[PDB]
Amino acid sequence: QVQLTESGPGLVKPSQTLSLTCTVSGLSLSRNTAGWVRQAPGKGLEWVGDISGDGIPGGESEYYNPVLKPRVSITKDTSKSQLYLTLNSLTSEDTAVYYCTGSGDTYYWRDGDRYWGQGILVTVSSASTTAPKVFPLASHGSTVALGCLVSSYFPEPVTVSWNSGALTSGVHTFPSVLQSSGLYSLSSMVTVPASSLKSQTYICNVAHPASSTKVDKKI
Amino acid sequence: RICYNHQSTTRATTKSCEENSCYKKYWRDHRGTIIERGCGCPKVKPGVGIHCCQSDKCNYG
Amino acid sequence: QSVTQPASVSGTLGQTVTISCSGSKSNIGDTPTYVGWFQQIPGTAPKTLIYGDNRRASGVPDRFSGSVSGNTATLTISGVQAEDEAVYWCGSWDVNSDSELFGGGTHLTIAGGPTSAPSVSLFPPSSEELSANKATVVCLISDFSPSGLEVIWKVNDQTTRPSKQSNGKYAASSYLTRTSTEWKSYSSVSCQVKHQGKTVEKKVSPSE
């Protein structure tokens, strides 16, 4: 079970440098190659680069996307079992989800399994954090649908839970929308039995980490 | 150009080629070394070796 | 150098579906072979289905296989299932540019499956948002299959792409934004969902 976990700032200003860490478990970074791939909102996968392991002889110590070579640097610390990405001269075109990747090559380059992290969204913008506002969503077959709307936040990373995770059946958290205002919004809903409408209480817990604002709304 | 195109230790084979060079590429697999013979001078992947030459039937050993 | 794959493919449940990625001898056609096939459910990280010399990754169902002919790589899904609906990316290593090239992705959708009517829920702007001089009407559509629908808003008589729910059906969200004045002056807002030759229109009008 190889585990790749990305960490770093979710918001960065233009012209600054993006610095991301990847913690690697279950794969030796001394022998195995590891790198970075990225995916801009609505765009396709774009190879960022790789730092080579000891396994495959006769190659460069790193390989980078020529489109980014002047700005990119990938390093690693095998003692901490960590990989590091640095990207200079940032532009809004660098806004993307960054995935740490690992390889299990044996005999030649890219002959082995490819492991993926969960990805971390980095947003390149000169704006600052905007906390969300959590409004209810209730209205009037045998079941009823309720939820709450997370409005006008920035940057995009936001999470929603229901009754502190105790409720997972019938819950759905939708993807976000970017309004022309430049801010983001999403909604989260759950289907419950009509009876529970007057028996149990349902609160949603919203979290904007980039603003450290954790809110709890009742319905 | 006339180049060898036989694999590893198989019987020798030849082929005509518009290119100027012949190549012998080699890498490791689970039992030993695989060798690929052809024409042109391809770039190779890390972990793969290659030797190119520019005469007829120069990529045998 | 670039590798291309068709934008869309469709298949009936149980059929075989192929997705082909057309490259060059410098990448997909390079020997020793590397072709990667990665499956991405919208909103989540890609998962490796095929890697290296067209080998299959751990815990990947045996209905996925990869092959190469000339400079074209093909992912074959032998008997597509509902959960196979997703975006498939090919990747390969180019020895001329020393780099990994990815295709533009192919979206596989499944057809023929039983159709589930969409459940619509319309929510008006809360008293709070109206207090903030703004109106957001929320249309939440859930439990529809197939995944494609159409949302049409109306007043006086921005949407999100549908995503899979936990139960396997699809859900989508729509927001109608209008200055508090624009909605408190309307007579009746309405969200109409059109799905598989059926239409469901739910209405919310300015409150007291």
Side-chain angles (χ1 to χ4, degrees), chain A residues 4 35 37 39 44-50 59-60 63-67 97 99 101 103-119 135-139 143-147 149 151-152 168-172 174-181 185-187 189 191, chain C residues 32-36 38 40 42-48 51-53 55 57-58 87 89 91-93 95 97-105 119-129 132 136 138 140 142-143 158-161 163-167 171-175 177 202 204:
Chain A
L4 302 180
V37 166
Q39 182 168 33
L45 300 170
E46 174 174 42
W47 183 62
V48 171
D50 293 294
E60 300 305 324
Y63 295 93
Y64 302 136
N65 191 332
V67 183
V97 177
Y99 301 105
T101 75
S103 277
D105 297 341
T106 305
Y107 292 115
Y108 60 88
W109 190 255
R110 285 286 202 283
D111 83 356
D113 218 341
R114 291 297 299 290
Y115 313 99
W116 296 81
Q118 296 256 69
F135 309 141
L137 294 149
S139 178
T143 63
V144 74
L146 55 76
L149 179 140
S151 158
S152 312
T168 39
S169 177
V171 303
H172 191 63
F174 291 89
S176 73
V177 278
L178 173 150
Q179 288 132 345
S180 306
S181 63
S185 302
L186 74 81
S187 291
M189 87 198 259
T191 291
Chain C
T33 302
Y34 160 54
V35 177
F38 314 93
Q40 180 173 40
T44 61
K47 293 218 165 231
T48 298
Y51 67 90
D53 185 30
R55 294 198 287 140
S58 307
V87 175
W89 313 87
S92 193
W93 183 262
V95 290
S97 62
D98 280 336
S99 64
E100 187 155 51
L101 300 179
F102 290 106
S119 281
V120 175
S121 291
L122 241 183
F123 294 95
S126 70
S127 310
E128 295 85 357
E129 192 197 354
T136 286
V138 153
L140 302 191
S142 53
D143 271 22
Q158 279 182 337
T159 55
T160 56
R161 66 193 300 293
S163 316
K164 218 95 145 179
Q165 302 182 129
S166 55
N167 58 47
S173 68
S174 196
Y175 310 93
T177 66
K202 288 201 86 181
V204 63

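Sequence lines set the chain letters: A, B, ... in the order given, protein chains first and strands last, and positions in each chain run from 1.
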Q: Please report the shortest heavy-atom distance between C:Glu128 and A:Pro136, naming the atom on each side.
A: OE1-CD, 4.4 Å
(Q) Return the OG to CG distance between C:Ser97 and A:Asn65, rounded to the nearest 0.5 Å. (A) 8.5 Å
Q: Please report the closest heavy-atom contact between A:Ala138 and C:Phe123, naming both atoms and the distance.
A: N-CD2, 3.1 Å
Q) Do C:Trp93 and A:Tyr63 have their ring centres less than 6.0 Å from each other? A) yes
Q) Out of curiosity, C:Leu101 CG to A:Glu46 CD, how far, rounded to the nearest 0.5 Å? A) 11.0 Å
Q: Tell me, with the steps shown, if A:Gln179 and C:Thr177 meet side-chain contact (heavy atoms from CB on, under 4.5 Å).
A: CA-CA 9 Å; A:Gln179 288 132 345; C:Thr177 66; 3.9 Å; yes
**Q.** For C:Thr48, side-chain contact (heavy atoms from CB on, under 4.5 Å) partners two or more places apart
**A.** A:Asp113, A:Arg114, A:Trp116, C:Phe38, C:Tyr51, C:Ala57
Q) Counting N and O atoms only, with roles assigned by atom type, does the side chain of A:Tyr108 sit under 3.5 Å from a partner on the main chain of C:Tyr34, one being a donor and the other an acceptor? A) no
Q.
Below 4.5 Å, heavy-atom pairs only: which of A:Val177, A:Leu178, A:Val37 has the largest tally toward chain C?
A. A:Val177
Q) Under a 4.5 Å heavy-atom cut-off, does chain A meet the side chain of C:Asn167, its backbone, both or neither? A) neither
**Q.** Side chain to side chain, A:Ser187 and C:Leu140, heavy atoms closer than 4.5 Å
**A.** yes
Q: Against chain A, label C:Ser142 side chain, backbone, both or neither, depending on which of its atoms sit under 4.5 Å from a heavy atom there.
A: side chain
Q. Between A:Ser176 and chain C, which part of the residue has a heavy atom less than 4.5 Å away: side chain, backbone, both or neither?
A. backbone
Q) Do the side chains of C:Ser121 and A:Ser139 get nearer than 4.5 Å, heavy atoms only? A) no
Q: Please look at A:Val97 and chain C and tell me whether the side chain, the backbone, both or neither of the residue comes under 4.5 angstrom of a heavy atom of that chain.
A: neither
Q.
Counting only non-hydrogen atoms closer than 4.5 Å, does C:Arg55 touch chain A with its backbone (N, CA, C, O), its side chain (CB onward), both, or neither?
A. side chain
Q) What residue in C:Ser173, C:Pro46, C:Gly91 has the most heavy-atom pairs under 4.5 Å with chain A? A) C:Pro46
Q) What distance do A:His172 atom NE2 and C:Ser163 atom OG have between them, rounded to the nearest 0.5 Å? A) 5.5 Å
**Q.** Which portion of A:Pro175 sits near chain C, non-hydrogen atoms under 4.5 angstrom
**A.** both
Q.
Between A:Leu149 and C:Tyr175, is the side-chain contact (heavy atoms from CB on, under 4.5 Å) condition met? List the steps.
A. CA-CA 10 Å; A:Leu149 179 140; C:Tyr175 310 93; 3.7 Å; yes
Q: Mind checking side-chain contact (heavy atoms from CB on, under 4.5 Å) for A:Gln39 and listing every partner two or more places apart, or none if nothing turns up?
A: A:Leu45, A:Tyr99, C:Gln40, C:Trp89
